[PDB]
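Structural overview
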Amino acid sequence: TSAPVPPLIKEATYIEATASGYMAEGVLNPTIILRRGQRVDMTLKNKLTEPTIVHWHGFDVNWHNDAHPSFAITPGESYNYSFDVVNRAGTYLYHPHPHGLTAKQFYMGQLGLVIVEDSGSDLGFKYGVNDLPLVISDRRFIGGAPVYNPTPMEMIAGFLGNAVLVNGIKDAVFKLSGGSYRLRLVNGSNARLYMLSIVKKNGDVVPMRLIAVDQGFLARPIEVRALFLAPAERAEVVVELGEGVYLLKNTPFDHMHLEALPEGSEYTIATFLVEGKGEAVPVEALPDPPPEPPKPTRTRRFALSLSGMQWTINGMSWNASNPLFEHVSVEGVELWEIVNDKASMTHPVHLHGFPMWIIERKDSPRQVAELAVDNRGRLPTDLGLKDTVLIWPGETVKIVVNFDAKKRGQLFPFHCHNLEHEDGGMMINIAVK
Amino acid sequence: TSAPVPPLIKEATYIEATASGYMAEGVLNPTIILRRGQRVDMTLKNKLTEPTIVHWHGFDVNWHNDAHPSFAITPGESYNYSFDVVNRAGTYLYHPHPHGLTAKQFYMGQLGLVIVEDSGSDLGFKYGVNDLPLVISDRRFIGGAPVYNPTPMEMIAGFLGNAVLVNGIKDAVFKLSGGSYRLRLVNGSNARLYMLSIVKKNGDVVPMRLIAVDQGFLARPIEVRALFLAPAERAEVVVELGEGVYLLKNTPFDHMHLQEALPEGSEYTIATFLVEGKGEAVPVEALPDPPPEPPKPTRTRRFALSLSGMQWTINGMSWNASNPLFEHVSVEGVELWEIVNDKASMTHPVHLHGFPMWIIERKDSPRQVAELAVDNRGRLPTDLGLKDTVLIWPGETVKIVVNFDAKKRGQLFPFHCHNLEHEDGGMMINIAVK
Ligand SMILES: [Cl-]
Ligand SMILES: [Cu+2]
Ligand SMILES: [Cu+2]
Ligand SMILES: [Cu+2]
Ligand SMILES: [Cu+2]
Ligand SMILES: [Cu+2]
Ligand SMILES: [Cu+2]
Ligand SMILES: [Cu+2]
C-alpha cells in the first residue's frame with residue numbers, strides 16, 4: 001500500500017525559504033504539527049534572491065507574527081516568530097507573502113501544511129495511514145519542467161496549468177486497504193478552482209461526510225456529493241472505501257471567466273486502488289462545535305471590480321509605496337456584505353487575523369445554489385468557521401467578523417487568494433481601531 | 001583613479017546560469033573578449049529552478065547557437081555552443097532568452113558583455129583604463145533589495161525602476177585622469193529609454209564623437225550632443241575630458257507612453273566623473289573596417305506594431321507558446337522592411353536575430369527625434385552604422401534592409417521588441433528563411 005503525503009515535523013524551529021520550497025530542519029515542505037495552546041518559536045531565514053515573509057494562513061496572531069507583508073526580510077536576513085497557538089484543531093497553511101512576489105514563490109514550491117491538534121481531534125485516524133492530506137495544485141509543464149510565465153492577460157484572470165498534482169505528484173495514485181479514510185482536501189493552486197467529487201469506476205458517486213473546514217470542525221458531519229474548493233480553502237471529508245477503484249475527479253461546471261485544461265471541464269485528479277481489508281474508524285461525535293456568530297453592530301459593503309487593468313476592493317488596491325496605508329478602519333463585530341460584479345470572475349477572498357462566520361449567499365449561480373443546505377443559500381463548507389470564502393460573479397456573501405480590541409493598532413490584509421490577483425494589487429489593509 | 005567596469009575573461013569555456021547572473025569560470029557576468037574569426041566553444045549549465053537559454057545578442061550564428069528560445073534547457077541540463085565568430089569588431093551582449101521568463105532572469109543579474117576585437121579595433125585604448133564600458137540599467141529597490149514585481153499594467157508598458165545603475169553601481173562615480181576616453185554606452189535596462197548627454201558642472205554640453213554602434217564602426221566619427229539609447233542598443237563614443245567635474249545625464253524628452261518614481265523623460269544624473277590630473281591623449285580619426293554598403297532590396301515587406309487589447313502584436317501576430325517553431329513570416333533574399341509603429345502606441349526597441357540591418361530612412365519622426373537627424377532621410381547618427389536593435393517611435397516609420405543569406409535557410413530567427421516586458425508578453429515572431 002502507498003499513500004504519498006507530505007512528511008511530518010513536530011513543531012518547527014528553523015525554516016529556510018529556498019527557491020524550491022521551505023527547508024524546515026532538513027526536510028522539504030513538511031507538515032508542521034502543533035498542539036493547541038503551545039508556544040511556537042520558529043526562525044525564518046531568507047535563502048532567496050528577493051524579499052519574502054511567511055504567512056501563517058488562518059492563525060489568530062498579532063500582525064508581527066502574521067506576518068504583515070511590510071515585515072518582509074531581504075536576502076540573507078532572518079525573522080523570528082514567537083506566538084501562542086490559539087486556533088481550533090484544523091488544517092492551516094504557511095506560504096510566502098511579499099507583495100508582488102508571492103505568486104511565483106508559492107507556485108515554485110514554497111507551500112506547506114500546518115495541523116493543529118486538540119483533544120481527540122484525530123478522531124481515531126493516523127497521519128499517512130488513513131489521515132491523508134490531499135494538496136491539489138496545478139502546474140504548467142514545458143519540457144517536463146514547471147514554469148511560471150504569466151502573460152498580462154493571465155495576470156488578470158489567473159495562472160492555470162496544464163496538469164493537476166496531489167502533493168506534488170502528477171496523475172497521483174493511492175494504493176490503500178479498504179476502510180475509513182479522512183481526506184484533508186487542500187487547494188494549493190494559484191488560481192484554479194475545483195468542484196471535487198469522488199466517483200466509483202462505474203460512475204457511482206461516493207458520498208463524502210464533511211467534518212471540518214478552514215478554521216476547524218463543524219457542529220456535525222454533513223454528507224456532500226461535490227464541493228467547490230477555491231485556492232487556500234480546506235475541507236476535511238471522511239469516505240468509506242471498499243475494495244475497488246475510485247477516482248477523485250473535477251466534475252463539470254461553468255467557470256464564469258473573462259485553455260489546455262479547462263477549469264470547468266471533467267478530469268481525474270487522483271486514482272484510488274483499494275484492495276484488502278483495512279481498519280474501520282467510527283465517526284459521529286465531533287470534538288468541538290464552532291461558536292455561534294456574534295451579533296454584528298455595523299454593516300459594511302465591499303465591491304469587487306476590475307477597474308481597467310487593476311482588481312479593486314471598493315475601488316482600492318494595494319499601495320506599494322506605503323504598505324502601512326490604512327484602507328479600511330474597523331472596530332467590534334461587523335457584518336460584511338461582499339458583492340462581486342457580474343462583469344467579474346470568481347474571487348476566493350481571505351481575511352487575516354480574524355475568522356469569519358458565513359451568514360448568507362444570495363444571487364449565487366444555479367450550480368452553486370443547487371448545493372446549498374439551508375434557506376440562506378449556505379453551502380456545507382459555509383456551516384463551519386472559515387477564513388477563505390469563494391464569491392461568484394454577481395453573488396453577495398455576508399460574513400460576520402469580530403474585530404477584537406486586543407489587536408487594535410494593527411494592520412491585517414484583506415485580499416483575494418487568486419495569487420495573480422493579489423500580486424496585481426487586489427489587497428487592502430484592515431486597520432483595527 | 002577608479003573606473004568600475006565588469007571584469008574580463010579572454011574567451012569563455014564554461015558559463016553557469018545562476019539566479020544572480022552568469023558565473024563564467026568563477027567571475028560574475030564578465031566581459032568576454034573574442035577575436036574575429038576564432039572558434040567559440042562554450043558550455044552553458046542551467047543552475048536555475050526554471051528553464052533558460054543563452055542568446056548571443058547580435059551574433060551571426062545558426063539558430064542552434066543563436067540560440068532559438070525553443071532550445072531552452074531544463075534545470076540541471078547543459079548546452080554546448082560551437083560557432084565561428086564572423087561579427088565585426090563591436091560590443092555585443094549575452095543574456096537569457098527563454099520565452100516568458102527572460103525579463104526576470106535578465107533583470108535579476110543574467111547579463112554580460114561580449115567584445116569582438118579585430119585588427120586595430122582598440123584604437124589605442126585599454127580596457128578598464130580609458131576604454132570603459134558603461135552598462136546603464138535601472139532597478140526598483142524596496143528596502144535596499146532589487147525586486148521585479150510588475151503589475152498587469154507594467155507588463156504592458158515596461159518595468160521602470162526608481163534608481164539607475166552603471167555597471168551595477170547606484171549613483172556611480174568615475175575618478176579619472178584628464179585625457180581621451182572611449183565610452184561604450186550599453187543600455188542594460190528592461191524597458192527604460194535614455195537620452196544620454198555629457199555636461200560639465202556649469203552646464204556646457206560636452207560633444208561626443210560616435211565611432212561604433214551595435215554591429216561595428218561607422219565610416220567616420222560623428223559628433224553628437226545627445227543620443228537616444230534604447231534597451232540593448234550600443235553606442236561607442238569618444239570624449240575629451242579635462243580636469244573638472246562631468247555628469248552623464250538623462251536629458252529631458254517626451255516619453256510617449258500609454259510607477260512614475262523616476263519619470264523616463266525627466267532629467268537626472270546617471271554617472272559622475274571626477275577628472276583630476278593629466279593622463280593620456282589618444283588621437284582618433286581613422287576608424288578600422290568601414291561598414292558595408294546596403295544591398296539592393298528585391299521585395300518590400302511591411303510591419304505594423306500595435307497593442308491588440310492586452311497583447312502587443314507584430315503584424316497582428318504574437319508568439320505562439322504552444323508551437324515555438326511556428327513560422328510567422330517566411331522570407332527570402334534581400335528585403336526592405338517598412339516597420340511602422342501606431343500613433344496609439346509607445347517606443348519599441350525592435351530587434352532581429354541572425355542578420356544585421358541597414359537603416360535606410362526615418363519618416364514621421366517626432367520633433368525631438370527629427371531635430372537630431374544628420375541627413376535628408378531623417379537618419380540619426382546611430383542609424384549611419386550597421387545595427388541590430390533600432391528604436392521606433394509612435395507614428396514613426398523606419399525602413400531597413402536585410403539580406404536573408406542562403407547560408408541560414410531552413411532556420412528560424414526571432415524578431416521581437418527588446419522591451420523585456422513586451423517580449424515576455426509575446427511580442428515576438430519567428431522569421432523563417434526558405
Ligand atoms: Cl455589473
Ligand atoms: Cu494564504
Ligand atoms: Cu480574485
Ligand atoms: Cu494572505
Ligand atoms: Cu538581446
Ligand atoms: Cu539578438
Ligand atoms: Cu516593445
Ligand atoms: Cu532576442
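Procedures and definitions
- Residues numbered from 1 in each chain as written, not as in the entry; some residues may be left out.
- Chains lettered and ligands numbered in written order.
- Heavy atoms only, no water.
- Helix = DSSP H or I, 4+ residues; strand = E, 2+ residues; numbered from the N terminus.
- Rg over C-alpha atoms; globule rule 2.2 N^0.38 Å.
- Buried < 20%, exposed > 50% of the residue type's maximum accessible area, 1.4 Å probe, protein only.
- Areas by Shrake-Rupley, 256 points an atom, 1.4 Å probe, with all protein chains shown as cover.
- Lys, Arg positive; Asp, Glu negative; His and termini not counted.
- Charge placed at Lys NZ, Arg CZ, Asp CG, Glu CD.
- Donors = N, O, S within 2.8 Å, 3.2 Å for Na, K, Ca; no water.
- Contact = heavy atoms within 4.5 Å.
- Buried area = accessible area lost by both parts, 1.4 Å probe.
- Salt bridge = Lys/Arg side-chain N within 4 Å of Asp/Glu carboxyl O.
- UniProt positions renumbered as here; feature names shortened; annotations may be inferred.
- Polar contact = N/O pair within 3.5 Å; in protein donor to acceptor, adjacent residues only side chain to side chain.
- Domains from an automatic or database assignment.
- Nonpolar A, V, L, I, M, F, W, Y, C, P; charged D, E, K, R; others polar.

- X-ray crystallography is the method the PDB entry states for this structure, with the resolution given as 2.59 Å.

- Chain B appears in the PDB entry as Multicopper oxidase from Pyrobaculum aerophilum str. IM2.

- Within the PDB entry, the label attached to chain A reads Multicopper oxidase, and the organism entered is Pyrobaculum aerophilum str. IM2.

**Let's talk about the overall build of chain B**
- Scanning chain B from terminus to terminus reveals five helices and 33 strands.
- Scaling as 2.2 N^0.38, a compact globule of 434 residues should have a C-alpha radius of gyration of about 22 Å, and chain B matches this with 20 Å.
- In terms of its C-alpha atoms, chain B occupies a principal-axis envelope of roughly 60 × 50 × 45 Å.
- The buried share among the 434 residues of chain B stands at 62%.
- Accessible surface for chain B amounts to roughly 15600 Å². Of this, 50% is attributable to carbon and sulfur atoms.
- Charge separation in chain B, taken as the distance between the mean sites of 40 positive and 48 negative side-chain charges, equals 2 Å.

**Comments concerning the coordination of the copper ion (ligand 5)**
Residues and elements named next belong to chain B.
- Coordination of the copper ion (ligand 5) by the protein is provided by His57 (ND1), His95 (NE2) and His418 (NE2), with metal-donor distances spanning 1.9 to 2.2 Å.
- Taken as a pair, the copper ion (ligand 5) and the copper ion (ligand 6) show a spacing of 4.4 Å. We note that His57, like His418, is buried.

**A look at the interface of chain A and chain B**
- Counting residues at the interface gives 26 residues for chain A, matched by 26 residues for chain B.
- The junction of chain A with chain B conceals about 2100 Å² of combined surface from both sides, 69% of it contributed by carbon and sulfur atoms.
- The interface formed by chain A and chain B holds two salt bridges in total.
- Residues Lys104 of chain B and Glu50 of chain A are paired through a salt bridge, measuring 2.7 Å at the closest nitrogen-oxygen approach.
- Elements with a contribution of two residues or more to the side of chain A that touches chain B: β12 (145–147) and α3 (152–157) of chain A.

**Examining the UniProt feature "binding site: Cu(2+) 2" (unreviewed entry) in chain A**
Residue and element names in this part refer to chain A.
- Here the UniProt feature "binding site: Cu(2+) 2" (unreviewed entry) sits at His57, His95 and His417.
- Residue placement: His57 occurs in strand β7 (residues 54–57).
- Look past the residues within four positions of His57 in its chain and what remains in contact with it is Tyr92, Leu93, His95, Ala232, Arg234, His350, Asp387, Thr388 and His417.
- Within the structure, the side chain of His57 is placed 3.3 Å from the side chain of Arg234, a separation counted as a polar contact.
- Counting through the fold element by element, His95 comes out in strand β9 (residues 91–96).
- By relative accessible area, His95 is classed as buried at 0%.

**Things to note about the coordination of the copper ion (ligand 2)**
All names here are of chain A.
- For the copper ion (ligand 2), the full set of protein donor atoms is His57 (ND1), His95 (NE2) and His417 (NE2), at a range of 1.9 to 2.1 Å.
- Separating the copper ion (ligand 2) from the copper ion (ligand 4) is a distance of 4.2 Å. Grouping residues by exposure puts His57 and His417 together as buried.

**Remarks on the domain arrangement of chain B**
All names here are of chain B.
- With domains assigned, chain B is organised as domain 1 (8–117), domain 2 (131–278) and domain 3 (299–433).
- Domain 1 puts 17 residues into the contact, and the matching count from domain 2 is 21 residues.
- Of the roughly 1700 Å² buried where domain 1 meets domain 2, counting both sides, 56% is carbon and sulfur surface.
- When the area that domain 1 buries against domain 2 is broken down by residue, the three leading residues are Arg88, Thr91 and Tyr107, summing to 40%.
- Counting the contacts that link domain 1 with domain 2 gives zero salt bridges.
- Where the side of domain 1 that touches domain 2 is concerned, the elements lending two or more residues are β9 (90–96), α2 (102–107) and β10 (112–117).
- When the residues that make up the side of domain 1 that touches domain 2 are grouped by side-chain class, the tally is ten nonpolar, five polar and two charged.

**Side note on the UniProt feature "binding site: Cu(2+) 1" (unreviewed entry) in chain B**
Residues and elements named next belong to chain B.
- Taking the numbering used here, the UniProt-annotated feature "binding site: Cu(2+) 1" (unreviewed entry) corresponds to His55 and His351.
- In this structure, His55 sits in strand β7 (residues 54–57).
- When its relative accessible area of 1% is taken as the criterion, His55 is described as buried.
- With near-sequence residues (within four places) excluded, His55 lies in contact with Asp66, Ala67, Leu93, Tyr94, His95, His97, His351 and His353.
- Positionally, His351 belongs in strand β28 (residues 348–352).
- Residue class for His351 comes out buried when judged on its relative accessible area of 1%.
- In this view, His351 contacts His55, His57, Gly58, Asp388, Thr389, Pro414, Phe415, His416 and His418; residues no more than four positions away in its chain are not counted.
- Looking at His351, its side chain comes within polar contact range of the main-chain oxygen of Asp388, at 2.5 Å.

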